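Engineer:
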Amino acid sequence: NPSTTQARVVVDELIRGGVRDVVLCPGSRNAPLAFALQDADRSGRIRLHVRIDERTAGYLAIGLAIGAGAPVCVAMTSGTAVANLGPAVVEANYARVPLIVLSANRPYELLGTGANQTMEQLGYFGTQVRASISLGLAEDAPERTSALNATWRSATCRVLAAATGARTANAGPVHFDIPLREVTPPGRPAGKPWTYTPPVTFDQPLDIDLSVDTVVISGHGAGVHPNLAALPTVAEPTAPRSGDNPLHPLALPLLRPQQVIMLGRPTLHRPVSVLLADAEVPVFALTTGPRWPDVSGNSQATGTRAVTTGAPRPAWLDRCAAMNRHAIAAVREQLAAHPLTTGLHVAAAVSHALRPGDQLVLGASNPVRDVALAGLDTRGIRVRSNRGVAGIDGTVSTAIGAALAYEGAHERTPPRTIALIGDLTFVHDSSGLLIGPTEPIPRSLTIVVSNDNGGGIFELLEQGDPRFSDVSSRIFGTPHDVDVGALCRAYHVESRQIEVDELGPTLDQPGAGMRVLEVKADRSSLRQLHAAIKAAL
Amino acid sequence: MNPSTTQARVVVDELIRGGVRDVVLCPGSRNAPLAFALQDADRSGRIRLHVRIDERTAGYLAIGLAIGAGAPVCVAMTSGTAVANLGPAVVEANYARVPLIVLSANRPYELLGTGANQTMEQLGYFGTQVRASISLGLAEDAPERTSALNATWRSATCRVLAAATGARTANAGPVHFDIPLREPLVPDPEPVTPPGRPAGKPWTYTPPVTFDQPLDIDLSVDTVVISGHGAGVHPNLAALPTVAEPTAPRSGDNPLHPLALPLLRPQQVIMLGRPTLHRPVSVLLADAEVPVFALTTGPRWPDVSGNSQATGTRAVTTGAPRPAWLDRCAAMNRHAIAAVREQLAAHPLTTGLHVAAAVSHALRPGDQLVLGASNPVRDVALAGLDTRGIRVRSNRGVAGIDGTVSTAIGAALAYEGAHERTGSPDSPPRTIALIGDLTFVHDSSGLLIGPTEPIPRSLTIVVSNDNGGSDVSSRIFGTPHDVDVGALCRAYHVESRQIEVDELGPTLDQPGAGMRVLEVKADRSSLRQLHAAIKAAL
Amino acid sequence: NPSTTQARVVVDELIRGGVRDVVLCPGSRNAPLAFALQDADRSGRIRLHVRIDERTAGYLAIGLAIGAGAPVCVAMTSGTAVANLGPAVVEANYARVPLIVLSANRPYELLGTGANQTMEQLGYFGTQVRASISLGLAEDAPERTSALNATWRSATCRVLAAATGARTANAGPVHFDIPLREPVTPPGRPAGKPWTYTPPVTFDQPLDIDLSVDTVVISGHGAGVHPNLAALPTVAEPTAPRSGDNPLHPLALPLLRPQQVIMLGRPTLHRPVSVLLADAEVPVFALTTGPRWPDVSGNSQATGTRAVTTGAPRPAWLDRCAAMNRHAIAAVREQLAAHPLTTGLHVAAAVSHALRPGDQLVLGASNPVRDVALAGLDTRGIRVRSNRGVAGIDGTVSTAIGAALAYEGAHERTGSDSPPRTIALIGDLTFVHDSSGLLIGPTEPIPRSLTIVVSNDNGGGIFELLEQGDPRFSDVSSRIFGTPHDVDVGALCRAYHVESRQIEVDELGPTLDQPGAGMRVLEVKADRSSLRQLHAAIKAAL
Ligand SMILES: C=C(O[C@H]1C=C[C@H]([C@@](O)(CCC(=O)O)c2sc(CCOP(=O)(O)OP(=O)(O)O)c(C)[n+]2Cc2c[nH]c(C)nc2=N)[C@@H](C(=O)O)[C@@H]1O)C(=O)O
Ligand SMILES: C=C(O[C@H]1C=C[C@H]([C@@](O)(CCC(=O)O)c2sc(CCOP(=O)(O)OP(=O)(O)O)c(C)[n+]2Cc2c[nH]c(C)nc2=N)[C@@H](C(=O)O)[C@@H]1O)C(=O)O
Ligand SMILES: [Mg+2]
Ligand SMILES: [Mg+2]
Ligand SMILES: [Mg+2]
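Residue numbers (my numbering), protein chains in the order written: chain P, 27 to 563; chain C, 5 to 542; chain B, 0 to 541.
#1: From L388 of chain P to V519 of chain P, what distance separates their C-alpha atoms?
#2: Kindly list, in the order they appear in chain B, the residues whose Cβ is closer than 7 Å to that of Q43 of chain C.
#3: So, does the CB of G329 of chain P fall closer than 8 Å to a CB anywhere in chain C?
#4: Kindly examine ligand 3 and report whether one of its heavy atoms sits closer than 7 Å to the Cβ of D396 of chain P.
#5: Does chain P have any CB closer than 8 Å to the CB of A251 of chain B?
#6: Going by DSSP in three states, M75 of chain B sits in which element: helix, strand or coil?
#7: Starting from the N-terminal side, write out each stretch of the alpha helix (DSSP H) that is 4 residues or longer and does not extend beyond the region 447-509 of chain B.
#8: Mapping DSSP to helix, strand and coil, what is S159 of chain C?
#9: Quick one: list the residues of chain P neighbouring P141 of chain B, beta-carbon separation under 7 Å, in chain order.
#10: Leaving aside the five residues before and after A136 of chain C along the sequence, list all residues of the same chain whose C-beta is less than 6 Å from its C-beta, in chain order.
#11: Strictly by DSSP, which residues pair up with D222 of chain C?
#12: Could you name the residues of chain C that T398 of chain B contacts, counting a contact when the two beta carbons are closer than 8 Å?
#13: Check distances from the C-beta atoms of the region 102-117 of chain B to those of chain P and list, in chain order, the residues that come in under 7 Å.
#14: What whole-angstrom Cβ distance do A70 of chain C and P103 of chain C have, given they're in contact under 8 Å?
#15: Could you work out which residues of chain C lie near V295 of chain B, taking near to mean beta carbons separated by less than 7 Å?
#16: Under the three-state reduction of DSSP, which class applies to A363 of chain P: helix, strand or coil?
#17: Any residues in the region 210-239 of chain C with a beta carbon nearer than 9 Å to a beta carbon of chain P? Which ones, in chain order?
#18: Is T190 of chain P helix, strand or coil when you go by DSSP?
#19: Residues around ligand 5, please: the condition is that the C-beta lies closer than 6 Å to some non-hydrogen atom of it.
#20: Beta-carbon within less than 6 Å of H238 of chain C's beta-carbon, same chain only, minus the 5 sequence neighbours each way: which residues are those?
#21: Closest Cβ-Cβ distance between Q502 of chain C and chain B: below 8 Å?
#22: Which of the three DSSP states, helix, strand or coil, is assigned to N131 of chain P?
#23: Can you tell me whether DSSP reads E96 of chain C as helix, strand or coil?
#24: Can you tell me which residues form a DSSP beta bridge with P246 of chain B?
#25: Taking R56 of chain C as the reference, which of C:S151, C:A242, C:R382, C:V28 has the closest Cα?
#26: For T421 of chain B, is the beta carbon positioned less than 7 Å from some heavy atom of ligand 2?
#27: How would you list, in chain order, the residues of chain C whose beta-carbon sits under 8 Å from the beta-carbon of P316 of chain P?
#28: Compute the minimum distance between the beta carbon of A428 of chain P and the heavy atoms of ligand 1, and state whether it is under 7 Å.
#29: Assuming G63 of chain C is part of the alpha helix (DSSP H), what are its boundary residues?
#30: Using a C-beta to C-beta distance shorter than 7 Å, which residues of chain B count as neighbours of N89 of chain C?
#31: How would you list, in chain order, the residues of chain P whose beta-carbon sits under 8 Å from the beta-carbon of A80 of chain B?
#32: Given the structure, does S391 of chain P come close to ligand 1, in the sense that its CB is under 7 Å from one of the ligand's heavy atoms?
#33: How would you list, in chain order, the residues of chain P whose beta-carbon sits under 7 Å from the beta-carbon of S2 of chain B?
#34: Keeping to the same chain, check which residues put their C-beta closer than 8 Å to that of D526 of chain B; ignore five residues upstream and five downstream.
#35: Cβ of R434 of chain C within 8 Å of Cβ of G516 of chain C?
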């Protein structure tokens, strides 16, 4: 049967292409490549992960992909799959995550006359994916077997290349269809991919004078630049550090830089935004990919590399270091001077509890920002966050998937994965905790939940102004009164409600493979704390 | 100064700063702000404006203007089906990787679904065929925001240019640039445009990316090089036997005739660019036993072979070809050239292959050759035209019949323009087009150039008229279309002369009489026999 | 062969559904239902039309549909097909034309890895069509013959229903795919009936309207007929069917102060109409068929399908409207006589006077469709066509040809008598845009009574009447709005071997009264340098 042959060949080439994990959900139809994936999983060639929640399944795949940087497949099996995978596919697009979406259309059946149970199309595939490839029906012609083998493996390599950005340097989601109707031909020798793609470089050098008072701002997907290591650098948590000279975010308004070098895609901090939009400050964007970030339209130039002349003035260098120490002081003072535990307190505790080789998974809203404010030094540490579109959905499964993949990478040679998320974020993707006994479960994952019973970040915005006090709580705060401990145990997951002093010591000593550490926090004092911090500036 | 006028003048200015030297314009009222700004820029000599009536062939004129010198070219039109008519050109631009900017004016988006006249779903119309779909905002009546709006407008314009030229992707192609506009649409009575960067710089400077991907290839293995549309130049592969499509740039001098290829047994193939032309090439790439290596200038690589072992932009070569292998391919090449020449002589009746052979011999270094993407390209390849020193153009993206005349005219204009830019006193270089009669008739309205619009200084269109040349649709080929070419040429006031194939060479060296059509009668009845004779002569 | 059997079932059902014309173009691959269509053409159950130009083919199909109101098929067979059919599909959407676009996907072939020769997809199918239906591959299963027959005819009927608006009252283009693997008929219902019959449908949305309030009726494209509104002053676009016999000239409208407006269908003409409809002080009632209502300003008070009326127009209001109507008519007539140079407005007046009941009139966009309204054409007994969906000047030649063919085909089937005339009035730019539509092979159907009047003022005359036609732009507007071309129309028609004559406006009437070749082009030279002053003089004479 050609379909069975086709499936094994595709699965084989996917494995050759670096795919180690595949996510499935039970549906009305059986999965594309269903049986070939089973045989591959049973023989340990790949690892399968099954979920009931289709939405959290997609975010599990994102986690599995960003964990060690490998391409990951997720298989559509139902008439709700497309809708549910939407959020994950969007994040995969904007965060540039190698996500292969597997589908199986039925060419011998009618389309467009009613609802169908394996495919219900929306409009996002045409705007989010790097490629849409359909394998075409497998036909019975044994004398064309080697031609078909070459066709299937070539197309599969196209899917992988598009997903990983092998030739485009633009990773993202790919839609891969293997149409269904109702001894496996060998690939290349020694497990090589059918179509090999050697390393690729995109080179766009920009001339930059470093004697001009320069600050470096790095965001999601930023590259490593040794020739900029000396410059003062405001680096987002997910940005890899190039050097030794960090500049705290809060010290930025205290300085008047004369030019800016922007690495990757910055999404955090208003003073960062204000600075990039400053029309008198030349901005140079150094990023990988087809497009560049520039909300204001102020960027003077874009590229991938800097050709530097000169060096930063010692006066400028010293002024930056002074404001840096000043900002760091102000943050630590006002935290100590504050009795009530907030999300910012928790962030610092988690931050100082971290050790080299750890993986840190940060949720959206305050957690990702608070860690940057707590002055985390990210070197020797691998930080993940869904900054593509910054949703508070699917962060639990992301952390789980990231853990499994990061643990898998070292079993192949286990390191800790610590997640810091808000309470809303936890409630959103609570169903990601539901993992059957037959499914893979991380051995070294801890989820820290800063629970201030609502959306703390809204206290820091104009809707957090005291004149909105009576109306703000319901529509922005949104308190929920959820018993977290009861929720975790409902899913049979180890959980402790502890204070911030114990957070360090607790994280230092291991436990069950999956555990949730909950820390009670307050948000009523957040706007004042931040005001006090800038007052110390 | 009203918002529509301001916005249009900024966009035009930034486009010029981005290297746009030619703009194609089609009449309308909704695109008045663009038309005014463009006419003004043409008046001051910053760009050259080309006004056309038919949006479809206007798009192919823009394609010609782009491939004639390698610059980004805009085409501007009004809202509605005017935009939809750019569809064919956009598809061709996509697959041929042509920097074509579709600059469409639109009603404000809030008028969508309201029943407003001449309003349709424009944004996203081209789907996945374009490198990007970018919309400007509706221009605000807000003088305070003038500075911020200037930045965003110029930024978006730069995003358009980058995507079109492939400045960051190394994959040039068409971009849809939709601009919603509302009244007033004409300039105010005026007894100042917000400036761009100093010294005429682009608002956001993005230099042409260097896309590099080296690949190891052992040349001691018996190798043939097959180069198609968009192929790069490889000095370290110059000695290898090379089957090159007319639009491919030659890397060296060891030509292998297409007909010779199926009579040889290469142990590996180096594929350059995107080869679509030859069936024996298709046959060889089709059999999955022979290893194929794909070398491309951009991230795209062809699917024509299921046995592509690897991709790259350039080869890192070890070894050297067997001298016996070189001798064999060289011998078979001469054999094929002989067979074609001999069989051509042994035929009394003038066919399209004869006409193509005549045009080939008449070519000289520095010429531009524009080929109709069906028979002319194949025939020229059969005649074994040596393409060194000449620039060959053809719409090999999807090889459609549309816009061949406009593309030829556009290519001539752009080529002649690049000539003037360097202050050479010489006459403008020659552009010679070879197209079939069905192709000519179908895009005959591409000849139409308004009395006030730029005319090519040295363009000659050679029309090989064999008079029209399984399925029920084919019945229209059952009788010769009988269309008077001379009448068509008079209708659009263009010089035409019907001549014989022996007269072709001498006539082509006559001084450039601006733009002219040379009709050469040919026969297609004796063609299946001629090809069969050639095939048996091998 | 299962595929061949499938194709015959589908074609048969299509013919049962009212399809009489199918448009094809030669392509890389065989057409969908190629042989079944060929069999039907030979037997005379259906008529095939073949063109080389895929764009003009799309508009040919539109013409074949609006000519007699029948669903029409067009076959996508090439890699440029989707791109070229775009314009016609968009027009079909907005003008609500039953256009069925046939395609044949190939499931056994790779997809999305490179160039496609069956279909290179753009993004408009998602937005323009009423339905996208794929038949699914035909299986070899003699035990499943009657079931598959039922399935195929059911789906084909769905395709036809969506295109004709049988149940939605929303006609439009439909994407019908019949997949293919490369490389007699099971019967339909007895008595030639469609497999799934859709009996007459009504959408009823009555609105209460007091007609004693000073009321004007403005009727545009797709307007319905309303007997209870027949007495009212009515400003009817040429393509709108007239409910009554109390016409109100467009130029008379701003000389009146209607307290109330009933808007029928979709108006796209005249700036006074747009200004009145936007007037917040004037209640607008939109009576139209379909899902959407036209309302650019958003001022409209209510929308429905028909009016339940009380009261009646005041006799003084009728007298007032009739008086301004006579001033407008007189102004146009007097100023046309007082201006020596022939304009498009002159030509429109000549064509209008030359029409007889039973004629079909096809109007190109720009000035012609407006000039005819200004000339005061009485459209009663006349069938008037114009692509007002998106008002393109593209494809109007093939539209007229297709319209003539369908209109003549319907008259032949009555067995009556020479075919009723189709007369097209288009501008020169419009003619140049779609001149290739004249090229029709002797193998293909050709009109027997089509006459294309080309009012040639060597450019876009309508732009003289807009803001950019103001004298202060006289130095710059000739290139970018005038767009003169100096085309020899006679030579162009001669090239395609189409009968052609250049005549003066005085001769137009008599020349039109005399029949000629089945297809002929009458060219009238016109001036547009005097257009702005002519319209200004007409206004000053009101
Ligand atoms: C940061 C700013 O603005 C952002 C402030 C908050 C929201 C935000 O986007 C923030 C996302 C981010 O950039 O990290 C958040 S935080 C936020 C509260 C998170 O609360 P938490 O308890 O998880 O954490 P916290 O209490 O803040 O520590 C919410 C609801 N939302 C909206 C939201 C809605 N739905 C989904 C699926 N995803 C979402 N991100 C954004 C928004 O809704 O427009 C907003 O743009 C700013 O102006 O500086
Ligand atoms: C009538 C007004 O403005 C219209 C003025 C003209 C154009 C128009 O749309 C008119 C269509 C109509 O409503 O009937 C025309 S007339 C027109 C000139 C026609 O010249 P002609 O010689 O055929 O006729 P004429 O000389 O006017 O008798 C042009 C070019 N165009 C633009 C155009 C461009 N491309 C395509 C495919 N279709 C098009 N409609 C419209 C536009 O471009 O925005 C515009 O909306 C008004 O403001 O009242
Ligand atoms: Mg919270
Ligand atoms: Mg020919
Ligand atoms: Mg005109």
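Built from N, CA and C at the ideal position, the CB exists for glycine as well.
Structural biologist: Working from what's here:
#1: Whole-angstrom Cα-Cα distance: 20 Å.
#2: Neighbours of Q43 of chain C on chain B, chain order: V475, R478, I479.
#3: Taking a beta-carbon distance threshold of 8 Å, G329 of chain P counts as an interface residue toward chain C.
#4: Checking the Cβ of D396 of chain P against ligand 3 gives no.
#5: No, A251 of chain B does not count as interfacial toward chain P.
#6: In the structure shown, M75 of chain B adopts coil according to DSSP, grouped into three states.
#7: For the region 447-509 of chain B, whole alpha helix (DSSP H) runs of length 4 or above, ordered along the chain, are 488-494.
#8: Helix, per DSSP.
#9: Result: empty, since nearest Cβ-Cβ is about 16 Å, beyond 7 Å.
#10: Within its own chain, the residues whose Cβ lies closer than 6 Å to the Cβ of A136 of chain C, once the five positions on either side in sequence are excluded, are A167, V179, listed in chain order.
#11: As DSSP reads the structure, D222 of chain C sits in a beta bridge with C:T322.
#12: Those do not exist, as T398 of chain B stays about 12 Å from chain C at its closest Cβ, beyond 8 Å.
#13: Going along the region 102-117 of chain B in chain order, one finds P106, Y107, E108, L109, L110, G111, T112 with a Cβ nearer than 7 Å to chain P.
#14: About 6 Å separates the beta carbon of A70 of chain C from that of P103 of chain C, a gap short enough to meet the 8 Å contact definition.
#15: In chain order: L115, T118, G119, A120.
#16: Secondary structure at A363 of chain P: coil, using DSSP grouped into helix, strand and coil.
#17: Answer set for the region 210-239 of chain C: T210, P211, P212, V213, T214, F215, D216, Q217, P218, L219, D220.
#18: Of the three classes helix, strand and coil, the one that applies to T190 of chain P here is helix, per DSSP.
#19: Residues flagged by the Cβ proximity filter: B:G426, B:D427, B:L428, B:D456, B:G458, B:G459, B:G460.
#20: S255, listed in sequence order.
#21: Using a Cβ-Cβ cut-off of 8 Å, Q502 of chain C does not count as an interface residue toward chain B, since no Cβ of chain B sits closer than that to its own.
#22: It is coil, neither helix nor strand.
#23: If DSSP states are grouped into helix, strand and coil, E96 of chain C belongs with the helices.
#24: According to DSSP, which records beta bridges pairwise, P246 of chain B is partnered with B:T233.
#25: Among C:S151, C:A242, C:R382, C:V28, the Cα nearest to that of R56 of chain C is on C:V28.
#26: With a cut-off of 7 Å, the C-beta of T421 of chain B is classified as distant from ligand 2, since no heavy atom of the ligand falls inside that distance.
#27: Proximity of chain C to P316 of chain P at the Cβ level (cut-off 8 Å) is accounted for by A167, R172, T173, in chain order.
#28: The answer is no for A428 of chain P.
#29: Looking at the DSSP string, the run of the alpha helix (DSSP H) that includes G63 of chain C is 59-71.
#30: What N89 of chain C touches in chain B: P86, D393.
#31: When 8 Å is used as the limit between beta carbons, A80 of chain B is near no residue of chain P, the shortest such separation being about 20 Å.
#32: Yes, ligand 1 has a heavy atom inside 7 Å of this Cβ.
#33: Per Cβ cutoff of 7 Å: no residues; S2 of chain B is ~12 Å from chain P at best.
#34: The residues are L340, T341, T342, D456.
#35: Using a Cβ distance threshold of 8 Å, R434 of chain C and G516 of chain C count as a contacting pair.
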